[PDB]
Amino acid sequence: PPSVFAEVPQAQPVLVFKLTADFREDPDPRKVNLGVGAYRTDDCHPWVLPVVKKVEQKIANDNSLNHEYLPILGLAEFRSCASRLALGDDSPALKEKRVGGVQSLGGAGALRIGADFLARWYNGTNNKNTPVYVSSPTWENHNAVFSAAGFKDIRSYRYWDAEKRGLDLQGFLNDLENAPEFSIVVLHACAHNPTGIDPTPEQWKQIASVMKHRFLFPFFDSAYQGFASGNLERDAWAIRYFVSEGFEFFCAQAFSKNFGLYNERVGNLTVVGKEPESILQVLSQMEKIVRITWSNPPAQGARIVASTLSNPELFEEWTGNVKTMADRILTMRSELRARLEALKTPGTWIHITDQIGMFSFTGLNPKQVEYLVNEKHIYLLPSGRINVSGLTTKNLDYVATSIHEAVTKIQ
């Protein structure tokens, strides 16, 4: 008889994977991959943070450690350190013991645990109808996680304006003013994915004001703290502002980019509440959620991050390491913009340097992108998104020339 697997179709490849596979295959020597999902150096190589290598040696040599189960909520030192990183050591919320943390399987895991919690205990009990607002566009995992958690009404807020190449603040605010009271708003804390443009601190004040007045629930996604600007405070400004304004909120934290721990899946869900007592109840339910789903947590990534952030000296060394990545990206943005302007490229290019983080919406249209991929062998997404760390001292001129040709030959 036939295999019970005989009619299983070949799954369609996924564009982020296929783009890199196409790059790999390409025999053209000019090829550039601007579609890598991780930081690369000026020589196109992965980068292990020096402080991570040092900490891994310490862990391996620590004979006190065992491999027994962590608490269900995770390694206590990791959770406490991760929360301290977002909020700041002198946060009123930390002083007043109205913070919790839950270790998660990366930032996506933290978003899932939070979503599952909201679907059970927020805005009523077992209320899957609370609207969830995500940016337009956004990281696909925002929509997917909340869908998977059972939320039935996932909505967009206006965010990217392709004409202006920048933030539609008025549309964003308008969409928040029309949000039903108690709707959940998923906010990118800094380094907006996929566009790279963030609200400025004054714009964050306006967003906060509308959220406050309509009792909207902030759910921050903080995937790039420190990695975006090289300055941890700055990168957490909106988060810390929301605390100071009296918000209760969740904040999903990821440590893949800012520790380079892509293959360790280290995340934390920070919870900020009005009062200490109900935080303990919240964590009692998040224990059940973790157990009932996932069940973890794996230790090694968490141990790396805890051992680093808990140690003032390693923490400083790490901030240096992270800043070196951030600074290389910032430099590449500046260099690309300067080269495009020197070529008299049509359009404005301030967006290249107004944006922050590893990803940039270059503002190219899909046909312009198609010219880059197919004629110039520069691999990026049809939205115009590039990984800015794919830019090197060696390829900048080729990329800038190629963009110039795209904008002047196409459309």
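Residue numbers run from 1 along the displayed sequence.
A.B. asks: Higher average CA B factor in the deposited record is what I'm after, so tell me if that's 301-309 or 236-244.
C.D. replies: Mean C-alpha B-factor is greater for 236-244.
A.B. asks: Is the mean CA B factor in the deposited entry higher across 383-391 or across 17-25?
C.D. replies: It is 17-25.
A.B. asks: Whose C-alpha has the highest temperature factor in the PDB entry: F249, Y133, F215, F146?
C.D. replies: In this record, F215 carries the highest C-alpha B-factor of the candidates.
A.B. asks: With respect to the C-alpha temperature factors reported in the PDB entry, which of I292, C190, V185, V322 ranks highest?
C.D. replies: Highest CA B-factor of the listed options: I292.
A.B. asks: Select lowest, middle or highest to describe the third in which the CA B-factor of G124 falls within its chain in this entry.
C.D. replies: It falls in the top third of the chain.
A.B. asks: Compared with the other modelled residues in the chain, in which third is the CA B-factor of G363?
C.D. replies: Middle third - that is where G363 ends up once the chain's C-alpha B-factors are sorted.
A.B. asks: Lowest, middle or highest third: where is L65 by Cα B-factor in its chain?
C.D. replies: Highest third, going by the recorded CA B-factors of the chain.
A.B. asks: For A342, does the deposited CA B-factor place it in the lowest, middle or highest third of the chain?
C.D. replies: For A342, the deposited C-alpha B-factor lands in the highest third.
A.B. asks: Tell me, lowest, middle or highest third: where does the Cα B factor of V210 rank within its chain?
C.D. replies: Ranked within chain, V210 CA B lands in the highest tercile.
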